[PDB]
Structures are given as structure tokens and as C-alpha cells.
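*Asks:* The structure follows.
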Amino acid sequence: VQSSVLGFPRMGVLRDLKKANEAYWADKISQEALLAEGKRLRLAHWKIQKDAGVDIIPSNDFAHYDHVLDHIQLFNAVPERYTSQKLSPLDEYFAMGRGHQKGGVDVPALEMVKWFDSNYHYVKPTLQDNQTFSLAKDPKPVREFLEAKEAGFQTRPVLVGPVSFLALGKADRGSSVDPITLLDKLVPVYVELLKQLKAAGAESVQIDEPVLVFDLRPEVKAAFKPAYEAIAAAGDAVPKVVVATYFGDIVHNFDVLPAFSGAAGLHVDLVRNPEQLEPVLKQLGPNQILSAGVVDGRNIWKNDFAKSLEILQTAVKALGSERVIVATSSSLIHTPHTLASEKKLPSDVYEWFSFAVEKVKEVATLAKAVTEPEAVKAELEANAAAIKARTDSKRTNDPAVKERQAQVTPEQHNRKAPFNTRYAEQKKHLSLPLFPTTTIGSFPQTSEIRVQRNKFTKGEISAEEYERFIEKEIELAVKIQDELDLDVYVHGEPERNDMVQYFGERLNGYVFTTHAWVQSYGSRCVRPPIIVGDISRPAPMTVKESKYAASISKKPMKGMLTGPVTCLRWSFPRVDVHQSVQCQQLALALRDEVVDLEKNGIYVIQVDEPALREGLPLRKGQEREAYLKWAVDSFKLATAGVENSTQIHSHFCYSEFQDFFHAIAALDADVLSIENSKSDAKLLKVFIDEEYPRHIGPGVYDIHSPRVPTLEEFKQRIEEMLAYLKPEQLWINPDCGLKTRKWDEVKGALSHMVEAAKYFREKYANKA
């Protein structure tokens, strides 16, 4: 039985790729130097995988920025605004990913969006009506396959397949083409590329068609047959093809699978959906190979070898060992490089973890164990003991948390009274005028704010000295808000650097790494907290600063929290219990924090869930409905403990809620803010159609621009919003937090903002 890795993280043991990319962008190293570092990393990572005993090692998984972006360049699908600058291929590549400035011109990046339900972002293929495709000179997959081959590594090239490539694409500005209709123009280029890989020596290729986990539009569904017929028709002139799927099951698309009858194999994610194994077995062709994705590509836990081998033996029993491959469930770009870089973790949790270097060893150990378990009996035993240690740990058996969860009731999820009743108490308490003004949360992060925070966390300044600095920062924020005449204040969060790490550090059940970085957005990486045990709140988390802020505030002061769904999803979650269990534990901890804020003079509490939509199961059905139920319930459980006169706010970082508005409405939030200023106001139609009864602040100010909008621009935006929303429900606020702006920009814009609000207060004043 062979082992397989679908992809390896690109950044390097010390984020070498980030350092080199950025040094190149800053003119500190040459193109040759940067490309040499890329080469050094590919070689090092191929070696890791070969040394671990992996049989099927991926190539073309490496990328300097994004692999979908690599495919855009590979098929010459680059828009004119990039090709006319006559840049080197590398600079052109980077131009599409992050932007460029040649000859005076200022070329923006292509749109980047999230890769399925992961925290990784890809660049969307952006296509013209008259789009055609051709293979780039020196095509990357061929180049890199030959590179590996020359260094002694036989590898399996990874391509994003033609259907997914178009399905994940969009029409460019000025065009209206539905990308999938370009299929016939694209497929011949894949066929040519595949012939070139075969000629270079590639015996097989992994072709990712991840959109198979979606509910497919009939046009996209219809595309697989001609695409994969063309590939099969090429016969021995192209490599054997393993079609790969991950992050969801594909059992709803068994009518699409006949398109792959001429393909050599199918990969499915048996970590996310182990139950799809046997139904999928029934759908395999007589000689097709099952690539069984049983080592988690999305989390950091040591594999349960015994559980994985039961899955594998089921497959081997049905197919024979020669038709089974042990594989990672997905690419490992979603995992950190290596556990070995971590030197400060609690000694008991090491034996529960596996990062990417450890996982590629796991698929090899499993593959050997399938047919020769005696050869690795010591490793199998050690693995079983580690899993048992995790099961029996104090961390995962907190009796108090268990008892608290057991006693949660449905009624505890609901506010004391509906909004019709509540809002009466709130308008008095808060003394809000028509068109109340507020901001979303963070205030400018200045050099001094970062420096001081760094000194404290590194222990250079005392707690007392830092606390006094934070007080003065809050006093400044309040003074400035006084001068602006805002109606609801924020403290500006000078003490916070990250909206999940800040809370993870103040909760039981979390551990933090120093080096476990994961690529997120180009060369921007994240270092997620890890949930290792039952979660509870040992002490007040945000009360100290909010309490101080309210003590000097002449206006209502916003409390500021991250919701339980986001604390969960932007961490590495546990895999030993269901995520709904973890989320409820977070919701109870946050319920206490909310009630604590209310007890300390805070009666406007903003609870933000930027990960709510991200976690949606990728296809409709009982699973998606299950998620929405506990995700919504968790938010409600966290926020329902307040008095009627207390307002619950929530900020949403997107302007559209397709197939999602019902969940938003179910939150029962008193006030919603949404990112909207750059969107057509007509998108506010959803509030009319859904007859949304509570209050709404669509952003009026694009905070991602340093430009100060004029008073007239603010008034015009407000007028446009009032075409869709009732006056009494409209809040006036920016699109987003103000951390990335500078105070002169902020004072100017917020001044115009408040003046515009005051104008409409006059305009909507009662007549004589």
C-alpha cells in the first residue's frame, strides 16, 4: 500500500518564504535570489517527505503567493492591465496578487476570497468575454516536476482541474461571461499540459476538483463529462489521473462520477466525512484506485492510527490492497510546518500533536501498517497510548464544565423580552437621538501603542506602568470622542492585538505556540491558538479597560467581545469531542463576561462573529442545518443573559447574506452594523424583503481609504440608505474598525459623519 501527501506547506520552517518574498518586494534581494530561495524550499520539503517514507510526493503544490494564481498565469488568463506593463513573469504574478505601480499607473490586485471553508485565500480567475487560453512558456508544473526529478525525487504533479478553475472564477470588469461557458477553450490547454508532463516523465497527476463538495449548478455539473472525456481520450499520451475532493463529502454528486470512469483514481476526505467511505466504494470503477484521505490536513492532532486502520482495512477488504492509497485528507498547506519548533508547550500536550512534518510520517507509518503492522508495532503502540493519554487527561475531563453544560436549558438562550418590548427600555437608558452615531471598535494603532504592548508582553515594563499607559490611551479616545460629539463610545482596544488570541489567552482550555504559522493570505500568515481542553473563564477578560472607559465616559460605552463561533473556528479546535460542545463551553464563558460587563457600567455590548459564515457546511442539508443551529444557539446563549435595557450589537464584515440572512435574524441582536459603503445601496433590499424589525447601521464611510469623505458625501450616503431603511432603525457608523487609520483622517471623517447625522436629525425633526 502506498502513502500520499496532497500538498506540503510552502512557507518554510521559519517562514523563509515570507521573509524572502518581502525582501524582494522591498528591493533588498534580486529576483534570482528570491527564485533560489523558492527552489531551496521545494527541495527541502521534498526531502522531508522522501525521508519520512512517503511514496507519492506532490509537486506544483508550492507557490510564491497562491496556487490558483499560478494557474491563472499558467493558462495565460492574465488581464490586459497586467500584461501591458511588460513585467517579468514573477513581477506580473505578484502584480495580480498584491498590485503594482509602473509608468505612473496604479494597478490593483485581483480579487481574493476564502478557499472553501478554510482560512486560506486564493486569487479568483478573472476572465474576459473574449477570453482564450494557451500554455505559458516554461510551464510551472513541468519546470518543478523536472526540478524534483533532477534532485532524485519522483513526484506527482498537482493541478486544479478545469471545471473547478472556471467554477471558482468570475467575469472581469467590462465583461459578463459566465466562466464555465469557457470550458471548451480551456480543456485543450489542460490536455496539452498533461501531454507535456507525461513526456517529462510524470506517471500520474493529482487533479483537484474540489467543487464536487458543493451543490452544483447544472451548467457546472454538465462540464465534467466533456472535460474528463477529453483527458481520457488522450490515452497513454497523458498521465494517469487521480481526481481529488476534500473538506466535504461527494455522495450527493454520484451522478457526476461517471465522468471520471476513464480516470485512474478518486480521492475523498475521510476525516471530515468518514461515513462516505462505503457508499463511495460502491461507485468506483472495477480498476479504479481509492485514495483514502485519513490523515487530517486541517488540524494539528496526532492521528488515531487504530481508527484510521479500521477505515483503511474496510477499503482494502472491498478493493484489494493494490487499489488503496493512504493519503492526507487534504493538502497540508492548512497545517503548521513542525511540532519540533515548539519549545514552550506544556509537556503533556506534545504527545497529542502532529504538524505537517509529523503528518507526512503518519501516512507512511499507516501505509506500512496496513499490510505489515509487525514492522511498526512499537509505533502503533506508542500512538494508541498517546490517544489514551488525551482521552484520560484532566484537560478533557473538567467536571465543573461538564456539569454546567448539562444544566443548560432552552430558555436560557432567549432574551427576557422581544425587541418590541426591549427597545422601549433601551431608548431611554441610552438616551439616543434619531440617527445615533458610533464607531465599530478599534481606534488607530500607532507605533507607540505597538511598542508599549510589545514591551509589556516581553516583560520590559511593569504591569503597573503598562496599565497606566492603557488608561491614558483610553482617556485620549474618550476626549477625542467628546470633541466629535459621537452618541455611543468605544475605548479603542489599545490593549488588544488580535480578536481571538486576546480571548484565548484569558480562557482555560487553550495553549499557544510560538512557531506554528499557517499561510492565510499571500505571505500573510496566522498563528492560531489551539484548544486542548474544556473551556472556562477563570477571571474577567475585558472588564478592566471597559470599566475604566465607562468611569470617564459621558456617553454609553461599548463593550467589545469576539463571539463563541469565532473563538472556536479561528483556533485549532479539538477533534475528540464535537465542535458544538466546544462552542457551548465558549458561549457559557462569554455569557459570564457579558453579564460582568453589564454589572460594571456597560450597557451596550458588541459581540462579533466574523467566522460564522466561514464555518457553513459546503452543501445544503441536515449537516448545514445542524451547524447553523448550534452556531446561532451559541451566540444567543452568550448574549441572552442581559437586561432588556442593555443593547446587544454585532458587526458583520460583509455586505451580502445570500442563503444566510435567516441565521443573522435568529441572533436577535438589537443593532447590526454591516460593511456597506463601497456596495450598491440596492443590496439593502434584503432588509425590506425579510421585513427586518430591529436596528441596522450599514457603514457610511470606507475606512480602508485614507481619503476623508466630505460632509455632502456623508449626507448623500445617508439619503441612499434611507431609500431602503426606516429612519428609526438607522444607525450612523463607519464600515469597519479604525485600527489602520491615522487620527487626523479619523477626526476629519468622523466629524463630517456626525455633522451629516445632525443634518438629518434636523431634516427629520417634527414640523411645527
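In the C-alpha cells, chains take letters A, B, ... by order of appearance, with residues numbered from 1 within each chain and ligands from 1 in the order shown.
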If we count only C-alpha atoms and set the cut-off at 12 Å, which residues sit around residue 105 (chain A), ignoring sequence neighbours fewer than 3 positions away in its own chain? Please answer as a PyMOL selection string.
*Replies:* chain A and resi 81-82+84-85+99-102+108
*Asks:* Identify, on the basis of only C-alpha atoms, every residue whose closest approach to residue 457 (chain A) does not exceed 12 Å; exclude the query and any residue fewer than 5 positions from it along the same chain; express the result as a PyMOL selection string.
*Replies:* chain A and resi 450-452+462-463+466+495-497+505
*Asks:* Please write the residues from the selection above to a file, keeping N, CA and C atoms, as a PDB file, in the first residue's frame.
*Replies:*
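Writing the result to selection-v9.pdb gives the following:
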```
ATOM      1  N   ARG A 450       1.910  49.893  19.696  1.00  0.00           N
ATOM      2  CA  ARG A 450       2.516  48.595  19.411  1.00  0.00           C
ATOM      3  C   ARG A 450       3.742  48.362  20.276  1.00  0.00           C
ATOM      4  N   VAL A 451       4.590  49.383  20.356  1.00  0.00           N
ATOM      5  CA  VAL A 451       5.828  49.323  21.126  1.00  0.00           C
ATOM      6  C   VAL A 451       5.564  49.010  22.592  1.00  0.00           C
ATOM      7  N   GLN A 452       4.654  49.765  23.193  1.00  0.00           N
ATOM      8  CA  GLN A 452       4.320  49.569  24.596  1.00  0.00           C
ATOM      9  C   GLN A 452       3.759  48.173  24.841  1.00  0.00           C
ATOM     10  N   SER A 462       6.632  47.170  33.636  1.00  0.00           N
ATOM     11  CA  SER A 462       5.794  46.514  34.631  1.00  0.00           C
ATOM     12  C   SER A 462       4.337  46.497  34.195  1.00  0.00           C
ATOM     13  N   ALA A 463       3.549  45.649  34.841  1.00  0.00           N
ATOM     14  CA  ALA A 463       2.109  45.660  34.655  1.00  0.00           C
ATOM     15  C   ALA A 463       1.529  47.028  35.013  1.00  0.00           C
ATOM     16  N   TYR A 466       2.290  49.679  32.290  1.00  0.00           N
ATOM     17  CA  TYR A 466       1.504  49.421  31.080  1.00  0.00           C
ATOM     18  C   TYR A 466       0.041  49.768  31.306  1.00  0.00           C
ATOM     19  N   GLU A 495      -5.334  47.871  24.115  1.00  0.00           N
ATOM     20  CA  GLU A 495      -4.719  46.768  24.832  1.00  0.00           C
ATOM     21  C   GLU A 495      -4.760  45.444  24.066  1.00  0.00           C
ATOM     22  N   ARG A 496      -5.426  45.421  22.912  1.00  0.00           N
ATOM     23  CA  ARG A 496      -5.633  44.170  22.183  1.00  0.00           C
ATOM     24  C   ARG A 496      -4.871  44.151  20.868  1.00  0.00           C
ATOM     25  N   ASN A 497      -4.405  42.980  20.455  1.00  0.00           N
ATOM     26  CA  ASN A 497      -3.713  42.905  19.169  1.00  0.00           C
ATOM     27  C   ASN A 497      -4.419  42.009  18.163  1.00  0.00           C
ATOM     28  N   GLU A 505      -5.964  33.727  25.395  1.00  0.00           N
ATOM     29  CA  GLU A 505      -5.011  33.905  26.494  1.00  0.00           C
ATOM     30  C   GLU A 505      -5.696  34.030  27.849  1.00  0.00           C
TER      31      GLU A 505
END
```
*Asks:* For region 462-521 of chain A versus region 381-400 of chain A, which residues have an atom no more than 12 Å away, and what is each residue's nearest atom pair and distance in Å rounded to one decimal, using only C-alpha atoms, chain-then-number order, as JSON lines?
*Replies:*
```
{"residue": "A:508", "atom": "CA", "partner": "A:395", "partner_atom": "CA", "distance": 9.1}
{"residue": "A:509", "atom": "CA", "partner": "A:395", "partner_atom": "CA", "distance": 7.0}
{"residue": "A:510", "atom": "CA", "partner": "A:395", "partner_atom": "CA", "distance": 9.8}
{"residue": "A:511", "atom": "CA", "partner": "A:395", "partner_atom": "CA", "distance": 11.2}
```
*Asks:* Please produce, as JSON lines, a per-residue contact table for region 251-361 of chain A versus region 522-545 of chain A (criterion: any atom at most 10 Å away, only C-alpha atoms considered), showing the nearest atom pair and its distance in Å to one decimal, sorted by chain then residue number.
*Replies:*
```
{"residue": "A:299", "atom": "CA", "partner": "A:530", "partner_atom": "CA", "distance": 9.5}
{"residue": "A:300", "atom": "CA", "partner": "A:530", "partner_atom": "CA", "distance": 8.5}
{"residue": "A:301", "atom": "CA", "partner": "A:532", "partner_atom": "CA", "distance": 9.6}
{"residue": "A:336", "atom": "CA", "partner": "A:527", "partner_atom": "CA", "distance": 8.5}
{"residue": "A:349", "atom": "CA", "partner": "A:532", "partner_atom": "CA", "distance": 7.7}
{"residue": "A:352", "atom": "CA", "partner": "A:532", "partner_atom": "CA", "distance": 9.1}
{"residue": "A:353", "atom": "CA", "partner": "A:532", "partner_atom": "CA", "distance": 9.9}
```
*Asks:* What is the CA of residue 2 (chain A) to CA of residue 351 (chain A) distance in Å?
*Replies:* 25.7 Å
*Asks:* Compile the contact shell of residue 742 (chain A) as a list in words: residues with an atom at most 10 Å away, counting only C-alpha atoms, same-chain residues fewer than 6 positions apart removed.
*Replies:* residues 443, 444, 445, 446 and 706 of chain A
*Asks:* Please write the residues from the selection above to a file, keeping N, CA and C atoms, as a CSV table (one decimal), in the first residue's frame.
*Replies:*
```csv
chain,number,residue,atom,x,y,z
A,443,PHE,N,-9.5,51.8,17.4
A,443,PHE,CA,-9.0,53.1,17.1
A,443,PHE,C,-7.6,53.0,16.5
A,444,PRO,N,-7.1,54.0,15.9
A,444,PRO,CA,-5.7,53.9,15.3
A,444,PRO,C,-4.7,53.2,16.1
A,445,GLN,N,-4.0,52.2,15.5
A,445,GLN,CA,-2.9,51.6,16.2
A,445,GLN,C,-1.7,52.4,15.7
A,446,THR,N,-1.1,53.1,16.7
A,446,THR,CA,0.1,53.9,16.4
A,446,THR,C,1.3,53.1,16.8
A,706,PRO,N,-7.6,56.2,3.0
A,706,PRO,CA,-7.2,57.3,3.8
A,706,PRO,C,-7.9,58.7,3.5
```
*Asks:* Distance CA of residue 667 (chain A)-CA of residue 416 (chain A), one decimal place?
*Replies:* 14.1 Å
*Asks:* Have a look at A:87, A:264, A:626, A:113 and name the one nearest to residue 578 (chain A); count only C-alpha atoms.
*Replies:*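 Under the stated criterion, the closest residue is A:626.
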*Asks:* Could you pull the residues within 9 Å of residue 556 (chain A), counting only C-alpha atoms, minus those fewer than 6 positions along the same chain, as a VMD selection string?
*Replies:* chain A and resid 429 to 431 487 to 490 550 601 to 604
*Asks:* Applying 12 Å and only C-alpha atoms, which residues near region 173-181 of chain A remain after dropping the ones on its own chain fewer than 4 positions away? List them as JSON, numbers by chain.
*Replies:* {"A": [77, 79, 80, 81, 110, 111, 124, 125, 126, 127, 128, 129, 130, 131, 132, 162, 163, 164, 165, 166, 167, 168, 169, 185, 186, 187, 216, 217, 218, 219, 220, 221, 222, 223, 224, 227]}
*Asks:* Can you pull out every residue within 7 Å of residue 756 (chain A), counting only C-alpha atoms, but drop anything in the same chain fewer than 4 positions away, and send it as a ChimeraX atom specification?
*Replies:* /A:711,714-715,752,760
*Asks:* Going by DSSP on the backbone, which bits of region 173-264 of chain A are helix (DSSP H, G or I)? Write them as an MDAnalysis selection string, please.
*Replies:* chainID A and resid 179:200 210:213 218:221 224:233 235:237 251:253 257:260
*Asks:* Find, counting only C-alpha atoms, the residue in A:143, A:307, A:707, A:685 that gets nearest to residue 721 (chain A).
*Replies:*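 Checking each of A:143, A:307, A:707, A:685 against residue 721 (chain A), counting only C-alpha atoms, the winner is A:685.
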*Asks:* Set out as a Markdown table a contact list for region 342-374 of chain A and region 312-321 of chain A with a cut-off of 12 Å, giving each residue of region 342-374 of chain A that qualifies its closest atom pair and distance in Å to one decimal, counting only C-alpha atoms, ordered by chain and rising residue number.
*Replies:*
```
| residue | atom | partner | partner_atom | distance |
| --- | --- | --- | --- | --- |
| A:363 | CA | A:312 | CA | 11.4 |
| A:366 | CA | A:312 | CA | 8.9 |
| A:367 | CA | A:312 | CA | 9.0 |
| A:368 | CA | A:321 | CA | 11.4 |
| A:369 | CA | A:312 | CA | 10.0 |
| A:370 | CA | A:313 | CA | 7.0 |
| A:371 | CA | A:321 | CA | 8.2 |
| A:372 | CA | A:321 | CA | 11.9 |
```
*Asks:* List the neighbours of residue 207 (chain A) out to 10 Å using only C-alpha atoms; skip same-chain residues closer than 5 positions along the sequence, and give me the result as a list in words.
*Replies:*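 Listing them by chain and then by number gives residues 157, 158, 159, 160, 161, 162, 164, 241, 242, 243, 244, 245, 266 and 267 of chain A.
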*Asks:* Now that the selection is made, can you save its residues with C-alpha atoms as a compact mmCIF listing (two decimals), in the first residue's frame?
*Replies:*
```txt
# COMPACT_ATOMS: atom_id res chain seq x y z
CA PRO A 157 2.04 16.93 -10.11
CA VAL A 158 -1.00 18.65 -8.61
CA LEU A 159 -3.34 20.66 -10.82
CA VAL A 160 -6.54 22.47 -10.03
CA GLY A 161 -8.91 20.89 -12.55
CA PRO A 162 -10.53 22.75 -15.45
CA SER A 164 -13.12 23.97 -10.55
CA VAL A 241 -5.31 10.85 -13.23
CA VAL A 242 -6.42 10.81 -9.61
CA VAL A 243 -9.37 13.17 -9.15
CA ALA A 244 -9.26 14.73 -5.67
CA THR A 245 -12.01 16.11 -3.41
CA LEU A 266 -10.56 9.14 -6.77
CA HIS A 267 -9.53 10.88 -3.56
```
*Asks:* For a test of reading the model, state the distance in Å between CA of residue 189 (chain A) and CA of residue 139 (chain A), rounded to one decimal.
*Replies:* 11.4 Å
*Asks:* For a quick check of understanding, using only C-alpha atoms, which of A:597, A:90, A:486, A:380 has the smallest distance to residue 433 (chain A)?
*Replies:* A:486
